[PDB]
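These notes concern the structure reproduced below.
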Amino acid sequence: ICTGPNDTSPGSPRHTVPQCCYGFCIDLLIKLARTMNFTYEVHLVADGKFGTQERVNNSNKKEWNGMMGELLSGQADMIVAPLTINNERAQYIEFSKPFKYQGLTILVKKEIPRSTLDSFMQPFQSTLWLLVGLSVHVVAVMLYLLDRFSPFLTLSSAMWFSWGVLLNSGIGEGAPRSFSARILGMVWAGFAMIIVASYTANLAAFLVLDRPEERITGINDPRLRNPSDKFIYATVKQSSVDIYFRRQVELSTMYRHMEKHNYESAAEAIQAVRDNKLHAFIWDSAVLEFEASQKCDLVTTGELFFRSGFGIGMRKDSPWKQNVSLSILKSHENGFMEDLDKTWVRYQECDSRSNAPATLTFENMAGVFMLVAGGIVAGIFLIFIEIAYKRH
Amino acid sequence: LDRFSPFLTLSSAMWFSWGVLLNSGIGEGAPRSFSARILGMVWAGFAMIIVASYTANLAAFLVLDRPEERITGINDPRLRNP
Amino acid sequence: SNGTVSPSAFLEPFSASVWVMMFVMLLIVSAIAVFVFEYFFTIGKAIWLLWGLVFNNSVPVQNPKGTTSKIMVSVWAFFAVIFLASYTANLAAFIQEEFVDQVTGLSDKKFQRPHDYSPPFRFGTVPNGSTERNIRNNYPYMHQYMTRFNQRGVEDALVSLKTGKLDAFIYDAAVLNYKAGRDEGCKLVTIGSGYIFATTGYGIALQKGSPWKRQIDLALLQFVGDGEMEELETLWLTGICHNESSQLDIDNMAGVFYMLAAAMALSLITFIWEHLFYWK
Amino acid sequence: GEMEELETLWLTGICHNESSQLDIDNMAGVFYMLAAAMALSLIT
Ligand SMILES: CC(C)CCC[C@@H](C)[C@H]1CC[C@H]2[C@@H]3CC=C4C[C@@H](OC(=O)CCC(=O)O)CC[C@]4(C)[C@H]3CC[C@]12C
Ligand SMILES: CC(C)CCC[C@@H](C)[C@H]1CC[C@H]2[C@@H]3CC=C4C[C@@H](OC(=O)CCC(=O)O)CC[C@]4(C)[C@H]3CC[C@]12C
Ligand SMILES: CC(C)CCC[C@@H](C)[C@H]1CC[C@H]2[C@@H]3CC=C4C[C@@H](OC(=O)CCC(=O)O)CC[C@]4(C)[C@H]3CC[C@]12C
Ligand SMILES: CC(C)CCC[C@@H](C)[C@H]1CC[C@H]2[C@@H]3CC=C4C[C@@H](OC(=O)CCC(=O)O)CC[C@]4(C)[C@H]3CC[C@]12C
Ligand SMILES: CC(C)CCC[C@@H](C)[C@H]1CC[C@H]2[C@@H]3CC=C4C[C@@H](OC(=O)CCC(=O)O)CC[C@]4(C)[C@H]3CC[C@]12C
Ligand SMILES: CC(C)CCC[C@@H](C)[C@H]1CC[C@H]2[C@@H]3CC=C4C[C@@H](OC(=O)CCC(=O)O)CC[C@]4(C)[C@H]3CC[C@]12C
Ligand SMILES: Cc1nc2nc(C3CC3)nn2c(O)c1NS(=O)(=O)c1ccc(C2CCCCC2)cc1
Ligand SMILES: *[C@@H]1O[C@H](CO)[C@@H](O[C@@H]2O[C@H](CO)[C@@H](O)[C@H](O)[C@H]2NC(C)=O)[C@H](O)[C@H]1NC(C)=O
Ligand SMILES: *[C@@H]1O[C@H](CO)[C@@H](O[C@@H]2O[C@H](CO)[C@@H](O)[C@H](O)[C@H]2NC(C)=O)[C@H](O)[C@H]1NC(C)=O
Ligand SMILES: *[C@@H]1O[C@H](CO)[C@@H](O)[C@H](O)[C@H]1NC(C)=O
Ligand SMILES: *[C@@H]1O[C@H](CO)[C@@H](O)[C@H](O)[C@H]1NC(C)=O
Ligand SMILES: *[C@@H]1O[C@H](CO)[C@@H](O)[C@H](O)[C@H]1NC(C)=O
Ligand SMILES: *[C@@H]1O[C@H](CO)[C@@H](O)[C@H](O)[C@H]1NC(C)=O
Ligand SMILES: CCCCCCCCCCCC
Ligand SMILES: CCCCCCCCCCCC
Ligand SMILES: N[C@@H](CCC(=O)O)C(=O)O
Ligand SMILES: CCCCCCC
Ligand SMILES: CCCCCC
Numbered sequence: 435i436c437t438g439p440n441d442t443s444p445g446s447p448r449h450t451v452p453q454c455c456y457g458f459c460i461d462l463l464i465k466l467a468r469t470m471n472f473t474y475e476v477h478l479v480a481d482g483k484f485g486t487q488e489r490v491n492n493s494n495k496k497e498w499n500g501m502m503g504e505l506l507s508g509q510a511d512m513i514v515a516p517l518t519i520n521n522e523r524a525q526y527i528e529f530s531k532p533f534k535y536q537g538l539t540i541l542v543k544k545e546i547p548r549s550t551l552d553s554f555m556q557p558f559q560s561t562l563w564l565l566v567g568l569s570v571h572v573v574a575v576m577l578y579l580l581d582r583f584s585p586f601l602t603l604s605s606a607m608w609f610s611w612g613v614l615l616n617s618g619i620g621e622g623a624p625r626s627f628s629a630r631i632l633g634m635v636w637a638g639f640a641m642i643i644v645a646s647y648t649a650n651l652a653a654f655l656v657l658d659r660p661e662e663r664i665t666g667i668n669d670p671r672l673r674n675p676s677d678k679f680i681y682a683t684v685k686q687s688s689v690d691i692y693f694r695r696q697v698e699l700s701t702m703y704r705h706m707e708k709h710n711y712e713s714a715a716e717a718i719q720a721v722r723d724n725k726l727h728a729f730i731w732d733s734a735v736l737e738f739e740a741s742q743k744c745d746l747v748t749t750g751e752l753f754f755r756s757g758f759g760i761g762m763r764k765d766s767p768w769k770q771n772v773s774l775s776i777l778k779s780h781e782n783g784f785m786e787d788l789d790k791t792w793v794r795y796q797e798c799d800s801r802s803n804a805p806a807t808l809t810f811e812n813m814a815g816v817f818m819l820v821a822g823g824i825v826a827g828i829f830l831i832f833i834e835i836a837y838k839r840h
Numbered sequence: 580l581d582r583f584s585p586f601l602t603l604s605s606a607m608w609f610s611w612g613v614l615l616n617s618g619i620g621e622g623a624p625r626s627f628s629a630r631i632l633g634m635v636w637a638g639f640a641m642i643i644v645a646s647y648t649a650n651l652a653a654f655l656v657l658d659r660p661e662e663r664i665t666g667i668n669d670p671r672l673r674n675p
Numbered sequence: 540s541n542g543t544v545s546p547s548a549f550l551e552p553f554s555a556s557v558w559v560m561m562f563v564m565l566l567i568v569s570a571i572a573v574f575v576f577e578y579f599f600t601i602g603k604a605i606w607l608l609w610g611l612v613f614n615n616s617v618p619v620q621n622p623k624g625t626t627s628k629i630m631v632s633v634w635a636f637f638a639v640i641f642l643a644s645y646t647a648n649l650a651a652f653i654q655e656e657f658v659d660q661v662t663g664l665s666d667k668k669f670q671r672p673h674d675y676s677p678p679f680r681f682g683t684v685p686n687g688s689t690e691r692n693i694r695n696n697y698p699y700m701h702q703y704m705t706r707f708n709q710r711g712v713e714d715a716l717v718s719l720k721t722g723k724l725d726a727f728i729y730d731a732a733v734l735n736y737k738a739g740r741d742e743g744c745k746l747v748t749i750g751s752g753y754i755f756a757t758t759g760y761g762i763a764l765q766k767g768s769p770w771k772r773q774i775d776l777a778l779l780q781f782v783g784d785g786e787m788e789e790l791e792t793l794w795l796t797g798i799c800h801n802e808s809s810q811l812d813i814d815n816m817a818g819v820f821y822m823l824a825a826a827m828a829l830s831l832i833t834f835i836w837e838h839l840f841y842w843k
Numbered sequence: 785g786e787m788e789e790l791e792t793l794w795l796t797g798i799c800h801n802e808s809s810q811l812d813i814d815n816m817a818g819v820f821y822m823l824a825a826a827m828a829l830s831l832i833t
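Chains as they are written, first to last, in the authors' numbering: chain A, 435 to 586, 601 to 840; chain C, 580 to 586, 601 to 675; chain D, 540 to 579, 599 to 802, 808 to 843; chain B, 785 to 802, 808 to 833.
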């Protein structure tokens, strides 16, 4: 039972409603209370910020807030939460040995490919389709023009020969009789073969319109290095990653963008990334990897950087520091942290992690089936056209 | 299957199988009985798969590649670790 | 490992729904349409023609006579060329050698109970380390079996793995990762694509109550926060295999022969069935 | 080697070290072959 603020949105009366907390850190806290018998009383931090040393508008004073402030001001006694171990926080409080090793990484929206109906006509430009359609018929008529006026093939036979040779169907088993028609038809067969091969060589590529435009090569990629209006990338405001970006004097060019767009909590940032409001979210490897595993339409693309670990921070002079560190190390050595990872992090419903070429799906090639259906519904009329032609 | 049908000689069946494996059309005359009209067409699918698998990487085996020759500056593993 | 290829490797290029809708629904519907067109030559012949056109191998067929039937056969041939292009375009990558790890992890039955295996499993670790103490504390039986196949050093264990005298080597994760990276040809690899069990870290030991502890901790945290640790990892820990066309055998593509065998069985079964139907 | 790292930190680019339709000009050769076939057929 953990008593926390009711409304996450700022500017609202934050009533301390008792909710209930469960998960990795709560299980670890219960284990810690068991191994060294002390009683705990969990309460959520007042403001959603993790905690950074900020300059209050009252000048000449830096203040710790968030969980860091709640621990330093005596309101708390131990920060059992994914608190990143960094130099800035370590000067004022002492962290235990890390209970989870992770690092910063980039979460983005995995683009679901869209299958256009003209995907199979896409490899050839429409003028090429028109030209090949005209070519089929001019060759077809010229076959019988050459064959009929030959001193040494009807309309239907010539047309069927040309079309079947183009499509490789064998519908028309009528070969030309005149010599010139022989050379013409065989070179037409060769041209049809080359056209078909050139179409085939890119049909698969044009069937799935996927490109690595959104793929991010860590933080060294230009799209992160060079800010732009469209590429809106962010983190959680007032957290460890913000401290890391501010401290990096070389990466301050990134920081100018970070302060423009930031989010109150991790959930809001991942929701914004999901709803395509955001282009990239910089956050811990554990949280982002779990979100990618469960919320299946987002992908963690960034190369791992700033490797650190979550630590159970306490006060500067806390009697439990040695014992809590020893307990964390003991849990690591046997199969306890592995159990927590298995029951809280390792499980997943889908990952879509496969470097093999994408498997063709029903929604991917619906155009082919609709084209066949259109052939059905055109032939159903062509039957009546044929009987009408027979009437005359 | 066709000879002992309730209702295709050896040479014709041989030619059917050979021309189906490698598409040349020498095999003339589809199998008569239903018992062979399923096996023959599955064999056609098998032949297509075999031919496609052989074709897919024929050019790679026709001209050998150069994996080791492609040195990449001083970042080469065969340069970095002698 | 030498690797393995699944028997279905030749079947994934299309999803199961796509396969079943093309070769059951769409094809039979198109065959019925072809007959309706031609009538206005048995239905088996129409199905045979469509199936032969699906993969045109010059298999004998009986072409229809109606013009509308010929048009429908033409559009089916276009669908067939689409199918062949899509199937053969990525078949080579799909029929590829897939390397499967010998063991899932340290808790696998091969380690925990190596005796219930016809070939014994040979795994060992160097003594007098943290890994040996951890294994002794967690799995006394596994450690007792492991002491027989002990090792002298990291290089001794590596050459034992290379020759074949040893199957698995349990050791520090960072040293093993470095060895795998610097290995040539990449015959050695850590299971789980970087699986780590105890997940501790390297520390700088100090006497109890040493005055240097706090300053060293702050300095190390400043180093890791300034990106210098990444530079050092790139300079030292990075390796060769980290940054990373073959002949086809019976095991490589046995699935196609499995399909052929299933067809042989089905053909014999339907022969017996037709004999029974004719007799009765 | 400091100059190399400076030039890869500042002077490095994007287009450095970096699915197209086929129009009639790409298929010019095959159509020219077909035209030559038509001409040869007429002269024969
Ligand atoms: C849908 C887009 C891609 C254009 C496709 C055009 C074809 C569907 C049409 C156009 C012209 C049609 C041809 C024009 C006229 C001829 C002659 C025509 O002669 C007859 O009617 C008698 C046939 C017989 O009984 O032997 C037969 C169809 C046919 C080959 C047609 C076949 C179908 C054609 C090629
Ligand atoms: C190049 C490698 C792949 C080996 C090639 C084998 C061919 C040279 C042999 C093997 C089988 C032979 C065929 C097997 C049997 C047939 C039937 C056979 O019909 C007969 O009149 C003789 C037997 C009978 O009485 O039925 C005629 C040859 C022929 C086509 C054979 C032709 C030559 C074949 C194909
Ligand atoms: C009676 C005439 C119309 C022939 C009907 C064709 C079907 C009998 C064949 C053709 C394709 C076959 C399918 C092709 C591939 C799929 C996927 C396949 O799922 C997998 O990808 C592999 C799963 C595994 O690893 O076991 C399962 C069979 C199945 C449905 C097949 C089921 C039987 C199919 C439909
Ligand atoms: C003519 C029609 C009625 C039959 C069409 C053949 C296929 C639909 C059947 C025949 C054989 C079947 C295969 C035979 C056995 C294999 C292995 C079988 O076991 C595995 O691959 C699991 C993983 C592993 O063992 O490594 C999975 C199905 C599968 C691919 C089958 C998939 C479907 C197959 C190809
Ligand atoms: C009537 C049916 C039930 C059995 C006979 C079917 C046949 C069509 C044979 C011919 C070759 C046989 C294949 C040849 C040998 C292989 C290897 C065989 O064992 C291995 O995979 C290990 C590697 C190796 O044998 O070299 C597995 C079956 C299989 C696919 C066979 C499957 C059945 C095949 C296809
Ligand atoms: C046009 C006359 C000579 C009839 C004899 C040949 C014909 C079969 C046509 C059909 C298509 C014609 C081609 C279609 C259009 C191209 C573009 C065009 O190439 C250019 O240099 C101009 C730029 C452009 O329009 O793309 C002229 C040639 C060529 C290959 C044409 C060449 C003559 C083609 C092959
Ligand atoms: C812009 C666009 N957006 C789309 N969204 C979708 C989806 C998923 C539902 N399809 N789609 C498109 O197809 C287009 N392009 S189109 O309108 O110029 C167009 C229409 C129809 C055809 C033929 C294809 C062969 C069968 C008969 C219809 C070809 C081109
Ligand atoms: C931290 O753990 C140590 C070791 O369990 C505790 O020290 C023991 O305390 C009990 C009770 O006072 C004594 O009987 C033992 O003799 C102590 N052993 C050692 C090694 O000193 C210590 O009390 C724990 N402290 C906290 C913060 O709970
Ligand atoms: C691990 O430690 C043991 C000692 O605990 C080492 O055993 C010694 O080995 C040397 C050389 O063989 C002998 O001279 C000593 O008499 C041994 N002492 C004992 C008590 O056994 C062993 O060599 C060490 N192994 C490794 C690989 O470090
Ligand atoms: C407090 O929480 C309840 C849900 O338990 C919510 O309905 C209510 O609007 C909240 N009140 C505030 C602080 O607005
Ligand atoms: C904790 O355990 C000790 C025994 O080790 C016991 O005497 C004591 O009553 C327990 N309660 C607390 C919180 O001290
Ligand atoms: C300064 O901070 C206090 C406390 O948050 C706030 O009430 C006040 O409005 C702030 N004034 C300015 C000028 O921002
Ligand atoms: C395949 O694995 C066996 C051990 O099961 C090994 O003896 C053999 O050398 C391997 N094949 C190759 C490619 O060396
Ligand atoms: C007697 C038939 C002669 C036909 C000659 C056709 C030449 C086609 C050339 C295609 C080159 C790719
Ligand atoms: C006359 C009925 C013919 C049915 C042909 C079925 C062929 C199935 C082959 C499956 C290959 C994947
Ligand atoms: N890092 C290990 C190396 C020895 C081992 O893994 O057994 C240690 O100091 O204990
Ligand atoms: C408009 C005619 C299209 C023919 C396509 C042949 C592959
Ligand atoms: C009869 C011509 C059919 C063409 C389908 C694209």
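Beta carbons: idealized from backbone N, C-alpha and C, even for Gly.
Handout entry: For review: beta carbons within less than 6 Å of any heavy atom in ligand 8
Key = Output, sorted by chain position: A:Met470, A:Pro767, A:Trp768 and A:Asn771.
Exercise for the section: For the stretch 653-735 of chain A, list the alpha helix (DSSP H) runs that are entirely contained and at least 4 residues long, ordered along the chain. Expected result: List check, alpha helix (DSSP H) in window: 670-673, 688-695, 700-706 and 714-722.
Exercise for the section: Pull up the DSSP beta-bridge partners for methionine 762 of chain A, would you. Expected result: Beta-bridge pairing links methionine 762 of chain A to A:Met512 and A:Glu528.
Practice task
Determine, using beta carbons only, whether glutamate 837 of chain D comes closer than 8 Å to chain C.
Solution key: Yes, because at least one Cβ of chain C sits closer than 8 Å to the Cβ of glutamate 837 of chain D.
Problem - At least three beta-carbon pairs within less than 8 Å, the stretch 628-639 of chain D to the stretch 613-630 of chain A - result: In short, these stretches touch, since the Cβ pair count reaches three.
Practice task
Any chance you could list the alpha helix (DSSP H) runs of at least 4 consecutive residues sitting entirely within the stretch 733-792 of chain D, in chain order?
Solution key: As far as the stretch 733-792 of chain D is concerned, its whole alpha helix (DSSP H) runs of at least 4 residues are 771-783 and 786-790.
Handout entry: Contact check, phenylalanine 679 of chain D vs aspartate 730 of chain D, beta carbons under 8 Å
Key = Taking C-beta atoms as the reference points, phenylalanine 679 of chain D and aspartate 730 of chain D fail to come closer than 8 Å.
Exercise for the section: Please state whether DSSP places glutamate 797 of chain A in a helix, a strand or coil. Expected result: Residue state, collapsed to three classes: coil.
Exercise for the section: Take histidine 709 of chain A as the anchor and find which of A:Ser700, A:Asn724 and A:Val684 has the nearest alpha-carbon. Expected result: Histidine 709 of chain A has its Cα closest to that of A:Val684, out of A:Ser700, A:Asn724 and A:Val684.
Handout entry: Same chain, Cβ closer than 8 Å to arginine 630 of chain C, five either side skipped, listed in chain order
Key = Close CB contacts of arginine 630 of chain C within its chain, under the 8 Å cut and outside five residues either way in sequence, are with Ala623 and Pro624 (chain order).
Practice task
Sort out for me which residues DSSP pairs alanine 726 of chain D with in a bridge.
Solution key: Answer is D:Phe681.
Handout entry: Bounding residues of the alpha helix (DSSP H) (the contiguous stretch that carries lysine 495 of chain A)
Key = Counting along the chain, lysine 495 of chain A falls outside any alpha helix (DSSP H), and DSSP gives it neither H nor E.
Problem - Straight-line gap, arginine 755 of chain A to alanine 643 of chain D (C-alpha atoms, nearest Å) - result: Taking the straight line joining both Cα atoms gives about 46 Å.
Exercise for the section: Please confirm if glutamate 621 of chain C has its CB atom under 8 Å from at least one CB of chain D. Expected result: Interface flag for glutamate 621 of chain C against chain D is set, since a Cβ pair is found closer than 8 Å.
Practice task
Compare the C-beta of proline 622 of chain D against all C-beta atoms of chain C and say whether one is closer than 8 Å.
Solution key: Output row for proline 622 of chain D: interface = no.
Exercise for the section: Rounded to whole angstroms, what's the CA-CA distance from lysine 678 of chain A to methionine 706 of chain A? Just pull it up for me. Expected result: Our two residues, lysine 678 of chain A and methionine 706 of chain A, have alpha carbons roughly 14 Å apart in a direct line.
Problem - Cβ-Cβ distance between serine 808 of chain D and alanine 645 of chain C below 8 Å - result: Result no, Cβ atoms of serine 808 of chain D and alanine 645 of chain C do not sit closer than 8 Å.
Practice task
Keeping to the same chain, check which residues put their C-beta closer than 6 Å to that of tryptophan 608 of chain C; ignore five residues upstream and five downstream.
Solution key: If we look at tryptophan 608 of chain C and ignore the five residues flanking it on each side, its Cβ neighbours are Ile619 and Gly620.
Practice task
Return yes when at least one heavy atom of ligand 3 lies under 7 Å from the C-beta of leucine 795 of chain B, else no.
Solution key: False, no ligand heavy atom lies under 7 Å from that Cβ.
Exercise for the section: Compute the minimum distance between the beta carbon of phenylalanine 636 of chain D and the heavy atoms of ligand 18, and state whether it is under 7 Å. Expected result: At least one heavy atom of ligand 18 is nearer than 7 Å to the Cβ of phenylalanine 636 of chain D, so yes.
Problem - Closer than 8 Å to chain A by CB, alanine 756 of chain D - result: With 8 Å as the cut-off, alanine 756 of chain D counts as an interface residue toward chain A.
Exercise for the section: Would you mind sorting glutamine 742 of chain A into buried or exposed? The rule is 16 or more other CB atoms within 10 Å of its CB. Expected result: The residue is exposed, with fewer than 16 neighbouring Cβ atoms inside 10 Å.
Exercise for the section: Below 7 Å between beta carbons is the criterion; list the residues of the stretch 768-783 of chain D that meet it against any residue of chain A, in chain order. Expected result: Listed by position along the chain: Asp775, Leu776, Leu779, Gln780, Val782 and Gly783.
Exercise for the section: Compare the beta carbon distance of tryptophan 563 of chain A and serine 632 of chain D with 8 Å and say whether it is the shorter of the two. Expected result: No. Outside cutoff.
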